[PDB]
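Asks: Pasting in a structure now, in structure tokens, and then I'll have a few things to ask.
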Amino acid sequence: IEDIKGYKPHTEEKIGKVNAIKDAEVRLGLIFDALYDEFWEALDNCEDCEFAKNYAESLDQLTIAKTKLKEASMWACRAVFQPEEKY
Amino acid sequence: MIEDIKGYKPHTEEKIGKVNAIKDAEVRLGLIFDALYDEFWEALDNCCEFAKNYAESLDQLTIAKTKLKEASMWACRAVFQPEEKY
Amino acid sequence: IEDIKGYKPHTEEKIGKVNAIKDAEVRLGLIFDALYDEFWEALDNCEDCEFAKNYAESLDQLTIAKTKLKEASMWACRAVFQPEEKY
Amino acid sequence: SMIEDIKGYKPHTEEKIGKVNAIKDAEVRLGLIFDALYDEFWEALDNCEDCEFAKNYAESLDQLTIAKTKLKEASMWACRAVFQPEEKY
Amino acid sequence: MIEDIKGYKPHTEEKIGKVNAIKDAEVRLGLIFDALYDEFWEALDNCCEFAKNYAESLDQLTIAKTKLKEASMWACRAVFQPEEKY
Amino acid sequence: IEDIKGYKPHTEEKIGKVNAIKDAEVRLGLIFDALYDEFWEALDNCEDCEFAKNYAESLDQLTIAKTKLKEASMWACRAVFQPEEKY
Ligand SMILES: Nc1nc2c(ncn2[C@@H]2O[C@@H]3COP(=O)(O)O[C@H]4[C@@H](O)[C@H](n5cnc6c(N)ncnc65)O[C@@H]4COP(=O)(O)O[C@H]3[C@H]2O)c(=O)[nH]1
Ligand SMILES: Nc1nc2c(ncn2[C@@H]2O[C@@H]3COP(=O)(O)O[C@H]4[C@@H](O)[C@H](n5cnc6c(N)ncnc65)O[C@@H]4COP(=O)(O)O[C@H]3[C@H]2O)c(=O)[nH]1
Ligand SMILES: Nc1nc2c(ncn2[C@@H]2O[C@@H]3COP(=O)(O)O[C@H]4[C@@H](O)[C@H](n5cnc6c(N)ncnc65)O[C@@H]4COP(=O)(O)O[C@H]3[C@H]2O)c(=O)[nH]1
Ligand SMILES: [Ca+2]
Ligand SMILES: [Ca+2]
Ligand SMILES: [Ca+2]
Ligand SMILES: [Ca+2]
């Protein structure tokens, strides 16, 4: 960790909390992933059907959801690790 | 009964189950955020050398909760599939 | 609505406010959509031209704008609906 | 003032001006709806104080503040798309 | 002219200097993002084992670039101080 | 690093790149911080003045700016570190 600027040492309490966040994060993210795959297969069956547009939009929205979830976990983990804030 | 909300389409049992599964997992993570928040706040309240760090962590958990709610809203929207005019 | 966890019944007042917010959101959204179609048509004509990358960048930025707008509306609608906030 | 003084800025055109101002016109329209709802919740909270719905009103105010921020970001990105500044990265 | 844009206000020498200071520093970081992106891209283009990893980092650097431009826009907005109707 | 779920070991190339990102981030963040302090003092001199509202708004905007910058950095750093991505 010392090689990385602003990083501080781990502690047992921090490791547990960070892994608890990540575990719950992954649980939700895998739900997003399963829904994504479902939408993908449905879109793949007929790209010119009425619902194709709707399926494509749902894929984009689930990609947004995954991005937001990773940001939420990174902010939460940052709060726990309590890194040196220069600004 | 006719749909009262602009762009809303009807529910289906499959959509309800999926949306409630998203929200269930969302709240589970959100309650972890809430617990860490209360812990930090309590520390701050009883604080010392780390007061600044505690307040920054509180601000960052507030952001985390906001991002999580946005994650859930986008995913439930994707399942609901309301009319997307743009 | 009661089938969705955290949801509350609709009221005439909430329906009017929510609809008003969406109405305005769609208006702006349609402006974004028209500008998007313009750049798309420009790319159709331009192809390999000097401004192709600029049109593609504006397309990406309008996609971002659309995303932002939807998030604004969602947050506003949430404020009006007032669901149970568990965290 | 001169846009040329700002790094990456390019000259305006009638077309861009019209489009940019159309975005901002529609943006402010929605923002004023947010502001009206915000003021309504603010007054309700002023009146409510210790009442049971106080937490709901305060959360609604926080969420409308987020909504306003997102709308300005949406406008900014759309306007940037029309202006088409130099994009170094 | 700035007056043609709704809500815009006149520049000042101080504002110009601060806005360009933000944009300058923004670009330095952005170019670092761009260099890393091109490196990942060349790696993918000429490749294998970590293809998925390279593609993922390209997506994450695209996000990073977007966040940076938003950071700059907000900072620049703060300096310019346009009319804020809401 | 191996105690944190999803983390992979560091390498010298990674360390250098991540710290280069962080250095450039802080440089911009300190500019944001300097502007924030300037606006704060201006607001503190006359909180009932006509421009107090504008200064206050500028402070909120800078705060948002700082938050975006840290997110930019975290995403870039994540890209370089290349942790295990389960979803
Ligand atoms: N004080 C302190 N803070 C830390 C430490 N490790 C991370 N942090 C902070 O938490 C942020 C989020 O970590 P994350 O696990 O949720 O996302 C991390 C993680 O996904 C990835 N990352 C960090 N170290 C990694 C590593 N060894 N291996 C693989 N991936 C790694 O890059 C993300 C962003 O790193 P960052 O430095 O820019 O922001 C950290 C950083 O500010 C740490 O050891 N000490
Ligand atoms: N086709 C369809 N789409 C729906 C329906 N209900 C919601 N949606 C969509 O999913 C979005 C996210 O829902 P959320 O539950 O994750 O966050 C919702 C939810 O938290 C809250 N909300 C909506 N209806 C509510 C209600 N009755 N009661 C309490 N809160 C409510 O407001 C949020 C945003 O509403 P929104 O309309 O702008 O976007 C919806 C909306 O576009 C629906 O019934 N049918
Ligand atoms: N080629 C080009 N691109 C422009 C020009 N003006 C703006 N842009 C781009 O559009 C972005 C968003 O514009 P906005 O009106 O929606 O937000 C603006 C606006 O709210 C404020 N701003 C810009 N010029 C201003 C000005 N004279 N006076 C008051 N406020 C001003 O700051 C934001 C712009 O910050 P930015 O420079 O980082 O991003 C611009 C910038 O990238 C321009 O004249 N030429
Ligand atoms: Ca009162
Ligand atoms: Ca009063
Ligand atoms: Ca009283
Ligand atoms: Ca000054």
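Residue numbers start at 1 in each chain; chains themselves are named A, B, ... in the order of the structure tokens; ligands are numbered from 1 in the order shown.
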Which protein, DNA or RNA residues have an atom within 8 Å of ligand 5, counting only C-alpha atoms and all ligand atoms, as a PyMOL selection string?
Replies: chain D and resi 43+46-47
Asks: Can you write just those residues out, C-alpha atoms, as a CSV table (one decimal), in the first residue's frame?
Replies:
```csv
chain,number,residue,atom,x,y,z
D,43,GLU,CA,-42.8,25.9,3.3
D,46,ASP,CA,-41.3,25.5,7.9
D,47,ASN,CA,-44.9,24.8,9.0
```
Asks: Quick one: pick out all alpha helix (DSSP H) residues within stretch 1-80 of chain A from a backbone DSSP run and write them as a count of residues only.
Replies: 63
Asks: Between E:43, E:63, E:74, E:58, which is the closest to chain C once you count only C-alpha atoms?
Replies: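 For chain C, the nearest of the given residues is E:63.
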Asks: Could you check the closest approach to ligand 2 for each of C:14, C:86, C:78, C:66 and tell me which residue wins, using only C-alpha atoms and all ligand atoms?
Replies: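 Closest residue, counting only C-alpha atoms and all ligand atoms: C:78.
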Asks: Step by step, measure atom-to-atom distances between ligand 1 and each residue using only C-alpha atoms and all ligand atoms, keep those at most 6 Å, then write them as a PyMOL selection string.
Replies: (chain A and resi 1+7-10+73-74+77-78+81-83) or (chain F and resi 1+7-10+73-74+77-78+81-83)
Asks: Next, the residues of the selection above should be written as a JSON list (two decimals), in the first residue's frame with N, CA and C atoms.
Replies:
```json
[["chain", "number", "residue", "atom", "x", "y", "z"],
["A", 1, "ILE", "N", 0.81, -1.23, 0.00],
["A", 1, "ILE", "CA", 0.00, 0.00, 0.00],
["A", 1, "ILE", "C", 0.84, 1.27, 0.00],
["A", 7, "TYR", "N", -2.29, 6.32, 0.22],
["A", 7, "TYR", "CA", -2.79, 5.12, 0.87],
["A", 7, "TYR", "C", -2.25, 5.02, 2.29],
["A", 8, "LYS", "N", -3.02, 4.36, 3.15],
["A", 8, "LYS", "CA", -2.67, 4.12, 4.54],
["A", 8, "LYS", "C", -2.77, 2.63, 4.82],
["A", 9, "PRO", "N", -2.27, 2.18, 5.97],
["A", 9, "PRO", "CA", -2.25, 0.74, 6.24],
["A", 9, "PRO", "C", -3.65, 0.18, 6.43],
["A", 10, "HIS", "N", -3.80, -1.10, 6.10],
["A", 10, "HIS", "CA", -5.03, -1.81, 6.39],
["A", 10, "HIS", "C", -5.15, -2.10, 7.88],
["A", 73, "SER", "N", -19.99, 1.53, -4.49],
["A", 73, "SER", "CA", -19.08, 0.70, -3.69],
["A", 73, "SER", "C", -17.73, 1.39, -3.52],
["A", 74, "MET", "N", -17.23, 2.03, -4.57],
["A", 74, "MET", "CA", -15.94, 2.72, -4.47],
["A", 74, "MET", "C", -16.01, 3.87, -3.46],
["A", 77, "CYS", "N", -16.25, 2.20, 0.11],
["A", 77, "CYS", "CA", -14.97, 1.63, 0.47],
["A", 77, "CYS", "C", -13.95, 2.73, 0.82],
["A", 78, "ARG", "N", -13.95, 3.81, 0.05],
["A", 78, "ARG", "CA", -13.10, 4.96, 0.30],
["A", 78, "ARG", "C", -13.37, 5.55, 1.69],
["A", 81, "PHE", "N", -11.75, 2.94, 4.22],
["A", 81, "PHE", "CA", -10.30, 2.95, 4.17],
["A", 81, "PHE", "C", -9.75, 4.27, 4.71],
["A", 82, "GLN", "N", -10.57, 5.32, 4.61],
["A", 82, "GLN", "CA", -10.21, 6.65, 5.08],
["A", 82, "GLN", "C", -8.83, 7.10, 4.57],
["A", 83, "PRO", "N", -8.71, 7.26, 3.25],
["A", 83, "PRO", "CA", -7.45, 7.68, 2.62],
["A", 83, "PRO", "C", -7.17, 9.16, 2.86],
["F", 1, "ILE", "N", -2.60, -6.50, 0.00],
["F", 1, "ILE", "CA", -3.70, -6.36, -0.96],
["F", 1, "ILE", "C", -4.53, -7.61, -1.14],
["F", 7, "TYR", "N", -8.85, -7.78, -5.29],
["F", 7, "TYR", "CA", -7.59, -7.09, -5.53],
["F", 7, "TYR", "C", -6.56, -8.04, -6.13],
["F", 8, "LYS", "N", -5.71, -7.49, -6.99],
["F", 8, "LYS", "CA", -4.60, -8.21, -7.60],
["F", 8, "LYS", "C", -3.29, -7.56, -7.18],
["F", 9, "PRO", "N", -2.19, -8.28, -7.20],
["F", 9, "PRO", "CA", -0.95, -7.66, -6.75],
["F", 9, "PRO", "C", -0.50, -6.49, -7.58],
["F", 10, "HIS", "N", 0.23, -5.57, -6.96],
["F", 10, "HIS", "CA", 0.77, -4.45, -7.67],
["F", 10, "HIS", "C", 1.96, -4.83, -8.53],
["F", 73, "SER", "N", -10.66, 10.08, -11.12],
["F", 73, "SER", "CA", -9.45, 9.44, -10.64],
["F", 73, "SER", "C", -9.65, 7.98, -10.24],
["F", 74, "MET", "N", -10.71, 7.72, -9.51],
["F", 74, "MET", "CA", -11.00, 6.38, -9.08],
["F", 74, "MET", "C", -11.25, 5.46, -10.30],
["F", 77, "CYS", "N", -7.84, 4.95, -12.11],
["F", 77, "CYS", "CA", -7.00, 4.09, -11.30],
["F", 77, "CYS", "C", -7.46, 2.65, -11.39],
["F", 78, "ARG", "N", -8.77, 2.43, -11.33],
["F", 78, "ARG", "CA", -9.36, 1.11, -11.46],
["F", 78, "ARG", "C", -8.98, 0.48, -12.80],
["F", 81, "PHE", "N", -5.23, -0.56, -12.35],
["F", 81, "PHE", "CA", -5.14, -1.67, -11.43],
["F", 81, "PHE", "C", -5.72, -2.97, -11.97],
["F", 82, "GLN", "N", -6.82, -2.88, -12.72],
["F", 82, "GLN", "CA", -7.48, -4.02, -13.34],
["F", 82, "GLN", "C", -7.84, -5.07, -12.29],
["F", 83, "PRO", "N", -8.68, -4.73, -11.31],
["F", 83, "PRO", "CA", -9.12, -5.72, -10.34],
["F", 83, "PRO", "C", -10.00, -6.77, -11.00]]
```
Asks: Dump as a ChimeraX atom specification the residues of chain D that approach chain E to within 6 Å, counting only C-alpha atoms.
Replies: /D:1,31,89
Asks: May I have the selected residues written with N, CA, C and O atoms, as an mmCIF file, in the first residue's frame?
Replies:
```cif
data_model
loop_
_atom_site.group_PDB
_atom_site.id
_atom_site.type_symbol
_atom_site.label_atom_id
_atom_site.label_comp_id
_atom_site.auth_asym_id
_atom_site.auth_seq_id
_atom_site.Cartn_x
_atom_site.Cartn_y
_atom_site.Cartn_z
ATOM 1 N N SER D 1 -16.967 41.051 -24.403
ATOM 2 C CA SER D 1 -16.140 39.885 -24.109
ATOM 3 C C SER D 1 -15.840 39.088 -25.373
ATOM 4 O O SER D 1 -16.600 39.129 -26.340
ATOM 5 N N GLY D 31 -36.490 23.401 -14.763
ATOM 6 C CA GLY D 31 -35.880 23.789 -13.502
ATOM 7 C C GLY D 31 -36.809 24.609 -12.628
ATOM 8 O O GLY D 31 -36.790 24.487 -11.400
ATOM 9 N N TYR D 89 -9.005 15.642 -25.508
ATOM 10 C CA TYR D 89 -8.976 14.260 -25.041
ATOM 11 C C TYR D 89 -10.383 13.672 -25.004
ATOM 12 O O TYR D 89 -10.564 12.461 -24.880
#
```
Asks: Using only C-alpha atoms, find which residues of chain A lie within 9 Å of chain B and jot them down as a PDB file with N, CA, C and O atoms, in the first residue's frame.
Replies:
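New file result03.pdb:
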```pdb
ATOM      1  N   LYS A  17     -14.977  -4.695   6.915  1.00  0.00           N
ATOM      2  CA  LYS A  17     -16.026  -3.805   6.427  1.00  0.00           C
ATOM      3  C   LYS A  17     -15.979  -3.668   4.911  1.00  0.00           C
ATOM      4  O   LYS A  17     -17.019  -3.723   4.243  1.00  0.00           O
ATOM      5  N   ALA A  20     -17.275  -6.711   3.330  1.00  0.00           N
ATOM      6  CA  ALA A  20     -18.721  -6.780   3.501  1.00  0.00           C
ATOM      7  C   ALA A  20     -19.438  -5.917   2.469  1.00  0.00           C
ATOM      8  O   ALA A  20     -20.487  -6.308   1.943  1.00  0.00           O
ATOM      9  N   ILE A  21     -18.890  -4.739   2.171  1.00  0.00           N
ATOM     10  CA  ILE A  21     -19.476  -3.882   1.146  1.00  0.00           C
ATOM     11  C   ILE A  21     -19.383  -4.552  -0.219  1.00  0.00           C
ATOM     12  O   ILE A  21     -20.379  -4.667  -0.943  1.00  0.00           O
ATOM     13  N   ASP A  23     -19.087  -7.628  -0.992  1.00  0.00           N
ATOM     14  CA  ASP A  23     -19.903  -8.822  -1.085  1.00  0.00           C
ATOM     15  C   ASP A  23     -21.347  -8.482  -1.419  1.00  0.00           C
ATOM     16  O   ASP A  23     -21.922  -9.071  -2.287  1.00  0.00           O
ATOM     17  N   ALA A  24     -21.909  -7.508  -0.729  1.00  0.00           N
ATOM     18  CA  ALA A  24     -23.261  -7.094  -1.024  1.00  0.00           C
ATOM     19  C   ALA A  24     -23.348  -6.442  -2.432  1.00  0.00           C
ATOM     20  O   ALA A  24     -24.313  -6.629  -3.139  1.00  0.00           O
ATOM     21  N   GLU A  25     -22.303  -5.723  -2.821  1.00  0.00           N
ATOM     22  CA  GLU A  25     -22.211  -5.082  -4.112  1.00  0.00           C
ATOM     23  C   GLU A  25     -22.320  -6.123  -5.220  1.00  0.00           C
ATOM     24  O   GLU A  25     -23.160  -6.046  -6.064  1.00  0.00           O
ATOM     25  N   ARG A  27     -23.448  -9.159  -5.108  1.00  0.00           N
ATOM     26  CA  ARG A  27     -24.742  -9.797  -5.095  1.00  0.00           C
ATOM     27  C   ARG A  27     -25.695  -9.014  -5.982  1.00  0.00           C
ATOM     28  O   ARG A  27     -26.337  -9.564  -6.830  1.00  0.00           O
ATOM     29  N   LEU A  28     -25.769  -7.716  -5.762  1.00  0.00           N
ATOM     30  CA  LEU A  28     -26.654  -6.903  -6.588  1.00  0.00           C
ATOM     31  C   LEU A  28     -26.169  -6.855  -8.031  1.00  0.00           C
ATOM     32  O   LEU A  28     -26.973  -6.953  -8.966  1.00  0.00           O
ATOM     33  N   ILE A  31     -27.236  -9.750 -10.049  1.00  0.00           N
ATOM     34  CA  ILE A  31     -28.631  -9.622 -10.463  1.00  0.00           C
ATOM     35  C   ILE A  31     -28.723  -8.780 -11.729  1.00  0.00           C
ATOM     36  O   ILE A  31     -29.411  -9.143 -12.690  1.00  0.00           O
ATOM     37  N   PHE A  32     -28.025  -7.641 -11.748  1.00  0.00           N
ATOM     38  CA  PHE A  32     -27.948  -6.841 -12.967  1.00  0.00           C
ATOM     39  C   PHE A  32     -27.415  -7.670 -14.128  1.00  0.00           C
ATOM     40  O   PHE A  32     -27.951  -7.614 -15.242  1.00  0.00           O
ATOM     41  N   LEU A  35     -30.055 -10.145 -15.479  1.00  0.00           N
ATOM     42  CA  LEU A  35     -31.057  -9.432 -16.263  1.00  0.00           C
ATOM     43  C   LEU A  35     -30.486  -8.990 -17.604  1.00  0.00           C
ATOM     44  O   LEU A  35     -31.169  -9.061 -18.633  1.00  0.00           O
ATOM     45  N   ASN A  54     -36.819  -1.555 -27.350  1.00  0.00           N
ATOM     46  CA  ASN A  54     -37.022  -1.584 -25.929  1.00  0.00           C
ATOM     47  C   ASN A  54     -35.945  -2.431 -25.213  1.00  0.00           C
ATOM     48  O   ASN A  54     -35.429  -2.044 -24.182  1.00  0.00           O
ATOM     49  N   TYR A  55     -35.622  -3.574 -25.799  1.00  0.00           N
ATOM     50  CA  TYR A  55     -34.609  -4.442 -25.243  1.00  0.00           C
ATOM     51  C   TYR A  55     -33.237  -3.767 -25.295  1.00  0.00           C
ATOM     52  O   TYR A  55     -32.503  -3.819 -24.338  1.00  0.00           O
ATOM     53  N   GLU A  57     -32.624  -0.583 -25.246  1.00  0.00           N
ATOM     54  CA  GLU A  57     -32.598   0.465 -24.233  1.00  0.00           C
ATOM     55  C   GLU A  57     -32.399  -0.123 -22.840  1.00  0.00           C
ATOM     56  O   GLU A  57     -31.638   0.422 -22.031  1.00  0.00           O
ATOM     57  N   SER A  58     -33.069  -1.238 -22.541  1.00  0.00           N
ATOM     58  CA  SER A  58     -32.896  -1.863 -21.233  1.00  0.00           C
ATOM     59  C   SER A  58     -31.453  -2.297 -21.015  1.00  0.00           C
ATOM     60  O   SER A  58     -30.930  -2.196 -19.899  1.00  0.00           O
ATOM     61  N   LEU A  59     -30.790  -2.780 -22.068  1.00  0.00           N
ATOM     62  CA  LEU A  59     -29.376  -3.126 -21.953  1.00  0.00           C
ATOM     63  C   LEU A  59     -28.545  -1.905 -21.582  1.00  0.00           C
ATOM     64  O   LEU A  59     -27.708  -1.960 -20.673  1.00  0.00           O
ATOM     65  N   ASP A  60     -28.762  -0.787 -22.280  1.00  0.00           N
ATOM     66  CA  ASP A  60     -28.033   0.437 -21.963  1.00  0.00           C
ATOM     67  C   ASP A  60     -28.313   0.891 -20.536  1.00  0.00           C
ATOM     68  O   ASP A  60     -27.415   1.388 -19.845  1.00  0.00           O
ATOM     69  N   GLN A  61     -29.555   0.727 -20.077  1.00  0.00           N
ATOM     70  CA  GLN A  61     -29.906   1.166 -18.732  1.00  0.00           C
ATOM     71  C   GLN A  61     -29.300   0.259 -17.668  1.00  0.00           C
ATOM     72  O   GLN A  61     -28.931   0.736 -16.588  1.00  0.00           O
ATOM     73  N   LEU A  62     -29.185  -1.041 -17.951  1.00  0.00           N
ATOM     74  CA  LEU A  62     -28.515  -1.934 -17.012  1.00  0.00           C
ATOM     75  C   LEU A  62     -27.011  -1.695 -16.995  1.00  0.00           C
ATOM     76  O   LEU A  62     -26.369  -1.871 -15.953  1.00  0.00           O
ATOM     77  N   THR A  63     -26.430  -1.297 -18.129  1.00  0.00           N
ATOM     78  CA  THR A  63     -25.026  -0.903 -18.133  1.00  0.00           C
ATOM     79  C   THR A  63     -24.808   0.339 -17.278  1.00  0.00           C
ATOM     80  O   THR A  63     -23.802   0.447 -16.567  1.00  0.00           O
ATOM     81  N   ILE A  64     -25.745   1.288 -17.332  1.00  0.00           N
ATOM     82  CA  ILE A  64     -25.680   2.446 -16.445  1.00  0.00           C
ATOM     83  C   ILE A  64     -25.791   2.004 -14.993  1.00  0.00           C
ATOM     84  O   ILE A  64     -25.050   2.480 -14.124  1.00  0.00           O
ATOM     85  N   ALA A  65     -26.719   1.088 -14.707  1.00  0.00           N
ATOM     86  CA  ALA A  65     -26.925   0.635 -13.335  1.00  0.00           C
ATOM     87  C   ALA A  65     -25.657   0.012 -12.765  1.00  0.00           C
ATOM     88  O   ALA A  65     -25.269   0.298 -11.626  1.00  0.00           O
ATOM     89  N   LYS A  66     -25.004  -0.856 -13.542  1.00  0.00           N
ATOM     90  CA  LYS A  66     -23.750  -1.452 -13.091  1.00  0.00           C
ATOM     91  C   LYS A  66     -22.714  -0.381 -12.779  1.00  0.00           C
ATOM     92  O   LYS A  66     -22.007  -0.463 -11.767  1.00  0.00           O
ATOM     93  N   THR A  67     -22.604   0.630 -13.643  1.00  0.00           N
ATOM     94  CA  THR A  67     -21.641   1.702 -13.412  1.00  0.00           C
ATOM     95  C   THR A  67     -21.944   2.443 -12.115  1.00  0.00           C
ATOM     96  O   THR A  67     -21.034   2.733 -11.330  1.00  0.00           O
ATOM     97  N   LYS A  68     -23.218   2.758 -11.874  1.00  0.00           N
ATOM     98  CA  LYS A  68     -23.591   3.451 -10.646  1.00  0.00           C
ATOM     99  C   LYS A  68     -23.288   2.600  -9.420  1.00  0.00           C
ATOM    100  O   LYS A  68     -22.846   3.118  -8.388  1.00  0.00           O
ATOM    101  N   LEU A  69     -23.523   1.290  -9.513  1.00  0.00           N
ATOM    102  CA  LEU A  69     -23.270   0.411  -8.376  1.00  0.00           C
ATOM    103  C   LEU A  69     -21.784   0.353  -8.041  1.00  0.00           C
ATOM    104  O   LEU A  69     -21.407   0.359  -6.863  1.00  0.00           O
ATOM    105  N   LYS A  70     -20.925   0.291  -9.060  1.00  0.00           N
ATOM    106  CA  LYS A  70     -19.488   0.282  -8.805  1.00  0.00           C
ATOM    107  C   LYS A  70     -19.036   1.595  -8.179  1.00  0.00           C
ATOM    108  O   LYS A  70     -18.183   1.605  -7.282  1.00  0.00           O
ATOM    109  N   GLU A  71     -19.598   2.716  -8.636  1.00  0.00           N
ATOM    110  CA  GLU A  71     -19.286   4.000  -8.018  1.00  0.00           C
ATOM    111  C   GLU A  71     -19.724   4.027  -6.558  1.00  0.00           C
ATOM    112  O   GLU A  71     -18.983   4.494  -5.687  1.00  0.00           O
ATOM    113  N   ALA A  72     -20.927   3.522  -6.272  1.00  0.00           N
ATOM    114  CA  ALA A  72     -21.398   3.479  -4.891  1.00  0.00           C
ATOM    115  C   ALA A  72     -20.445   2.684  -4.007  1.00  0.00           C
ATOM    116  O   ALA A  72     -20.117   3.111  -2.893  1.00  0.00           O
ATOM    117  N   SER A  73     -19.985   1.527  -4.489  1.00  0.00           N
ATOM    118  CA  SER A  73     -19.083   0.704  -3.690  1.00  0.00           C
ATOM    119  C   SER A  73     -17.730   1.386  -3.517  1.00  0.00           C
ATOM    120  O   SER A  73     -17.136   1.334  -2.433  1.00  0.00           O
ATOM    121  N   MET A  74     -17.226   2.034  -4.570  1.00  0.00           N
ATOM    122  CA  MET A  74     -15.942   2.721  -4.465  1.00  0.00           C
ATOM    123  C   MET A  74     -16.007   3.867  -3.462  1.00  0.00           C
ATOM    124  O   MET A  74     -15.085   4.051  -2.658  1.00  0.00           O
ATOM    125  N   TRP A  75     -17.090   4.649  -3.489  1.00  0.00           N
ATOM    126  CA  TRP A  75     -17.240   5.725  -2.514  1.00  0.00           C
ATOM    127  C   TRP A  75     -17.349   5.175  -1.097  1.00  0.00           C
ATOM    128  O   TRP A  75     -16.773   5.737  -0.159  1.00  0.00           O
ATOM    129  N   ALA A  76     -18.088   4.078  -0.919  1.00  0.00           N
ATOM    130  CA  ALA A  76     -18.262   3.511   0.414  1.00  0.00           C
ATOM    131  C   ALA A  76     -16.953   2.936   0.946  1.00  0.00           C
ATOM    132  O   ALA A  76     -16.580   3.179   2.100  1.00  0.00           O
ATOM    133  N   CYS A  77     -16.249   2.200   0.110  1.00  0.00           N
ATOM    134  CA  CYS A  77     -14.966   1.634   0.469  1.00  0.00           C
ATOM    135  C   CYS A  77     -13.952   2.728   0.821  1.00  0.00           C
ATOM    136  O   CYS A  77     -13.244   2.606   1.779  1.00  0.00           O
ATOM    137  N   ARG A  78     -13.949   3.811   0.054  1.00  0.00           N
ATOM    138  CA  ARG A  78     -13.101   4.960   0.299  1.00  0.00           C
ATOM    139  C   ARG A  78     -13.375   5.551   1.688  1.00  0.00           C
ATOM    140  O   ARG A  78     -12.474   5.887   2.392  1.00  0.00           O
ATOM    141  N   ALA A  79     -14.643   5.638   2.049  1.00  0.00           N
ATOM    142  CA  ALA A  79     -15.058   6.138   3.333  1.00  0.00           C
ATOM    143  C   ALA A  79     -14.501   5.288   4.482  1.00  0.00           C
ATOM    144  O   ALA A  79     -14.148   5.818   5.493  1.00  0.00           O
ATOM    145  N   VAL A  80     -14.454   3.975   4.293  1.00  0.00           N
ATOM    146  CA  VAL A  80     -13.938   3.039   5.278  1.00  0.00           C
ATOM    147  C   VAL A  80     -12.412   3.071   5.365  1.00  0.00           C
ATOM    148  O   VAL A  80     -11.867   3.203   6.420  1.00  0.00           O
ATOM    149  N   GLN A  82     -10.571   5.320   4.610  1.00  0.00           N
ATOM    150  CA  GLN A  82     -10.206   6.654   5.081  1.00  0.00           C
ATOM    151  C   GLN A  82      -8.834   7.095   4.575  1.00  0.00           C
ATOM    152  O   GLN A  82      -7.908   7.285   5.363  1.00  0.00           O
ATOM    153  N   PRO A  83      -8.705   7.260   3.250  1.00  0.00           N
ATOM    154  CA  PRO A  83      -7.450   7.682   2.620  1.00  0.00           C
ATOM    155  C   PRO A  83      -7.167   9.161   2.862  1.00  0.00           C
ATOM    156  O   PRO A  83      -8.078   9.912   3.210  1.00  0.00           O
ATOM    157  N   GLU A  84      -5.917   9.569   2.676  1.00  0.00           N
ATOM    158  CA  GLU A  84      -5.527  10.960   2.877  1.00  0.00           C
ATOM    159  C   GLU A  84      -6.173  11.873   1.840  1.00  0.00           C
ATOM    160  O   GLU A  84      -5.882  11.777   0.648  1.00  0.00           O
ATOM    161  N   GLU A  85      -7.051  12.757   2.302  1.00  0.00           N
ATOM    162  CA  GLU A  85      -7.735  13.691   1.417  1.00  0.00           C
ATOM    163  C   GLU A  85      -6.964  15.003   1.319  1.00  0.00           C
ATOM    164  O   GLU A  85      -6.861  15.749   2.294  1.00  0.00           O
TER     165      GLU A  85
END
```
Asks: Show me, as a tab-separated table (two decimals) with N, CA and C atoms, in the first residue's frame, the residues of chain D whose atoms get within 12 Å of chain F, using only C-alpha atoms for the distance check.
Replies:
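Result written to selection-v7.tsv:
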```
chain	number	residue	atom	x	y	z
D	65	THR	N	-32.84	18.87	-4.87
D	65	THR	CA	-31.53	19.48	-5.08
D	65	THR	C	-30.69	18.64	-6.02
D	66	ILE	N	-30.73	17.32	-5.86
D	66	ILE	CA	-30.03	16.43	-6.79
D	66	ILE	C	-30.61	16.58	-8.19
D	68	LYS	N	-32.08	19.11	-9.61
D	68	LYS	CA	-31.60	20.35	-10.20
D	68	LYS	C	-30.18	20.19	-10.72
D	69	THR	N	-29.30	19.59	-9.91
D	69	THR	CA	-27.92	19.40	-10.33
D	69	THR	C	-27.84	18.55	-11.60
D	70	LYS	N	-28.63	17.48	-11.67
D	70	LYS	CA	-28.61	16.62	-12.85
D	70	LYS	C	-29.10	17.36	-14.08
D	72	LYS	N	-28.87	20.61	-14.75
D	72	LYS	CA	-27.82	21.51	-15.22
D	72	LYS	C	-26.73	20.74	-15.95
D	73	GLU	N	-26.38	19.55	-15.45
D	73	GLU	CA	-25.42	18.71	-16.16
D	73	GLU	C	-25.94	18.30	-17.53
```
Asks: Ligand 7: which residues are within 8 Å, counting only C-alpha atoms and all ligand atoms? Reply as a PyMOL selection string.
Replies: (chain E and resi 14) or (chain F and resi 38-39+42)
Asks: What does the distance from atom CA of residue D:80 to atom 37 (O, counted along the ligand's line) of ligand 3 come to in Å, to one decimal?
Replies: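 For atom CA of residue D:80 relative to atom 37 (O, counted along the ligand's line) of ligand 3, the distance reads 8.1 Å.
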Asks: Compare B:45, B:38, B:8, B:51 by their minimum atom-to-atom distance to ligand 2, counting only C-alpha atoms and all ligand atoms, and give me the closest one.
Replies: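 Comparing B:45, B:38, B:8, B:51 against ligand 2, the winner is B:8.
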